Structures are given as structure tokens and as C-alpha cells.
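Cβ coordinates were reconstructed from backbone atoms using ideal geometry, including for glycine residues, and neighbour counts include every protein chain displayed. Each answer follows from the model by the rule given with it, or from the source it names; no laboratory read-out is quoted.
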Amino acid sequence: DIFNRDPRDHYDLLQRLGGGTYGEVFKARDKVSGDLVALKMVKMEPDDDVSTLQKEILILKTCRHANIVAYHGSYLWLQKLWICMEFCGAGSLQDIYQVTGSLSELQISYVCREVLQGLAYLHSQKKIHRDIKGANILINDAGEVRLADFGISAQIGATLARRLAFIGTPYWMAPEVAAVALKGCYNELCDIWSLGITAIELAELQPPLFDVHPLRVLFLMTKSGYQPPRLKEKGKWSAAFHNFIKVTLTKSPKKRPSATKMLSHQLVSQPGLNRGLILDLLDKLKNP
Ligand SMILES: COc1cccc(F)c1-c1cc2c(cn1)cnn2-c1cccc(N2CCN(C)CC2)n1
């Protein structure tokens, strides 16, 4: 679904949401339906070709699940690629917790369940996300949870190249990912570790060791006695939440549970985990 035309033929842009090295993200409205969408603009380089683009764009269409932002279409126009996707109006979990403060245990439990459903899908497709963190998990206005994309392997062209060249920030990375040159390699269970880190992030407003220099953190993950992190406050959280963190942050990947196994954990299988918990969080955001 690549159109060689101006995306403004089909969409009215409404707001510029964010930017980066990747490019620009916009809230837009479908001119027929009136439905909101997100439009992501990336600049095309002279090196880039439409044959490699079509294949990359095809995978965006097919790697489909309720807990991953849905792809609608793409536009190639004036050396800019626009990707059209499902709108998640509350932004990322980072956007939310930086305003609301720490999520409740039930809110975190719901988010973790929803992310794990996405991961179980991706892992079943033999895909490693590699980028699970609060900033890459979006919330729509109905309180539903969506991964921004299927992770590092969803990135296109020069953005993908940069992602391979620079491992980036290590705070959510499994130690086996950090140490891939030095020890033996990694697999999809790195995402489970990342989810454990994310649960702490939502609880405490930052991942463990966030005040330590990232090169120092990366270095410490190489050494034999790297200790998995823990929640700082004992009394605030249930035994189930502490145990969820313990098991997701299992140091040995051989012993770390799969996404589907984690979905049977007490924390994420308890009743009353629904989007209403996040509707309450968004009502708190709106009406502090
Ligand atoms: C982490 O999400 C991305 C990261 C890089 C490139 C992207 F296109 C996205 C991205 C954002 C998306 C969607 C898909 N992808 C779908 N809705 N939506 C959205 C909607 C409303 C507000 C808002 N934000 C999230 C990012 N903060 C910094 C600003 C507010 N985002």
C-alpha cells in the first residue's frame, strides 16, 4: 500500500507530535472517514531505492496484532516517506508517567499483559523486538496498549543502519545483549528482561541505574557478577509484583521464562485487568 502521491490528498495534518533522527510524527485526520491517524515522515536519501522499500513496507502490513500499532498505508512524495498508522492519542507511557507519576500496580499489570501478548505474537514469528521500554509503548484514548512497532527490525533504510551501528541506551537491555561480542549470543528472551525493566520504570519513573553513565552500565553488564535489579520500595507492591520482576529479570536466558509462560504469571493473569484502569490513569492526567 505505497501511493506515489501527496498524503495531504487523503489526510489533513492537525498537529506535529514529535521529531528525531528518524524524522517527524503528526496527528492527522482521514478526509473521508474523519478518523484520526498518526503520520510518520522520514526523509529519503539519494542512496534509497523503491525495490528495497516495497519489501520493508510489505512486512509492516503483514506483522499484525491487536497490541501493535496497525499499519494503514504509505506515501512516497518529494523524497519523503510517510507511514500512516493507527492513532494512539495519549502518547507513550513515558509521556504519561512523567505527568501523572508512578502507575498503580494494577495499571502496570495490565500494561505488562498487553505487551506480553504482543511479544508472544512477535516471538511466534521468530522476531526479536529489542526495544521494549515505556517510550515505545503507546496508549490510545480508549486505554488500549500498543507497541509503537515490532521493534528494531521494523526500522527502514538509514534509521535501521544507525540502529545496527550504535546499540544506544543500555538501561532496558538484557545483559546478554550488552555483552554479545564477549560472551555467547542472545535470543528473544531479551525482550522479557526488557519488560521487567519497563515494569520498574512504570513503578519508579526511570529504569534501574538511570543516574549511572550509560557506558558504565554497559561495561558492568559484561562482568560475571552483574546483579539483576529490584524494586526500591518493599512495602508498596504485592508479592506477585516483586516475583514478576524477579522472574523477568532472571540473569540466565536459559532460565528466563517465555512470553507465553509469563502470561500465566499471577500478576498478569489476575481478573480485572482491562482498559478501564488506563482510562482512570488518563482521567488522572486530565484532572490532577
Ligand atoms: C513512540 O512512538 C513513536 C516513536 C517514533 C516514531 C513514531 F512515529 C512513533 C509513533 C507515535 C504514534 C504512533 C505510532 N508511532 C501512533 N500514534 N502515535 C502518537 C499519537 C499521539 C502522540 C504520540 N506521541 C508519542 C511520542 N511522544 C514523544 C510524543 C507524543 N504518538
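Taking the criterion of being in contact with an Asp or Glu (Cβ under 7 Å, 6 or more places away or on another chain) and surrounded by 15 or more Cβ atoms within 10 Å (Cβ to Cβ), would at least one residue in the stretch 193-201 satisfy it?
no
Among the residues of the stretch 16-31, are any over 24 Å from the mean Cα position of the chain (by Cα), under 21 Å from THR159 (Cα atoms) and not hydroxyl-bearing (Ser, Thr, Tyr)?
Among the residues of the stretch 16-31, not one is over 24 Å from the mean Cα position of the chain (by Cα), under 21 Å from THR159 (Cα atoms) and not hydroxyl-bearing (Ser, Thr, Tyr), which makes the answer no.
Can you name the residue in the stretch 71-130 that is hydroxyl-bearing (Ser, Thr, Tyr) and not assigned by CATH to the domain that holds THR198 and, of all such residues, is nearest to the ligand (Cβ to nearest atom)?
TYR71
Only one of (1) within 19 Å of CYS63 (Cβ to Cβ); (2) part of a helix (DSSP H, G or I); (3) touching a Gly at 6+ places or on another chain (Cβ under 9 Å) is not met by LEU138, so which one is it?
All conditions are met except number (2).
Could you tell me how many of the residues in the stretch 247-277 are of a type in the set (D, E, K, R) and not in a loop (DSSP other than H, G, I, E, B)?
Number satisfying all stated conditions: 1.
What is the number of the single condition among (1) surrounded by 19 or more Cβ atoms within 10 Å (Cβ to Cβ); (2) closer than 23 Å to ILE128 by Cα; (3) small (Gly, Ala, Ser) that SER264 does not meet?
(1)
Looking for something within 13 Å of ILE68 (Cβ to Cβ) and either aliphatic (A, V, I, L, M) or surrounded by fewer than 19 Cβ atoms within 10 Å (Cβ to Cβ) (or both) - is there at least one such residue anywhere in the stretch 94-107?
no
A quick yes/no check of all residues on (1) touching a strand residue (DSSP E or B) at 6+ places or on another chain (Cβ under 7 Å); (2) within 27 Å of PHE26 (Cβ to Cβ); (3) touching a residue at least 24 places away in the same chain (Cβ under 8 Å):
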{"site": "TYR97", "(1), (2), (3)": "no, yes, yes"}
{"site": "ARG113", "(1), (2), (3)": "no, no, yes"}
{"site": "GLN117", "(1), (2), (3)": "no, no, yes"}
{"site": "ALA135", "(1), (2), (3)": "yes, yes, yes"}
{"site": "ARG146", "(1), (2), (3)": "yes, yes, yes"}
{"site": "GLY151", "(1), (2), (3)": "no, yes, yes"}
{"site": "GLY157", "(1), (2), (3)": "no, yes, yes"}
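Please specify each residue of the stretch 47-70 satisfying the condition of being near the ligand (Cβ under 10 Å from one of its atoms) and surrounded by fewer than 17 Cβ atoms within 10 Å (Cβ to Cβ).
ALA70
Just checking, does the stretch 225-241 include any residue being more than 10 Å from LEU116 (Cβ to Cβ), part of a helix (DSSP H, G or I) and not aliphatic (A, V, I, L, M)?
yes
Quick one: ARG163 ticks every box in (1) part of a loop (DSSP other than H, G, I, E, B); (2) buried (at least 17 other Cβ atoms within 10 Å of the Cβ) bar one, so which box is it?
Unmet condition: (1).
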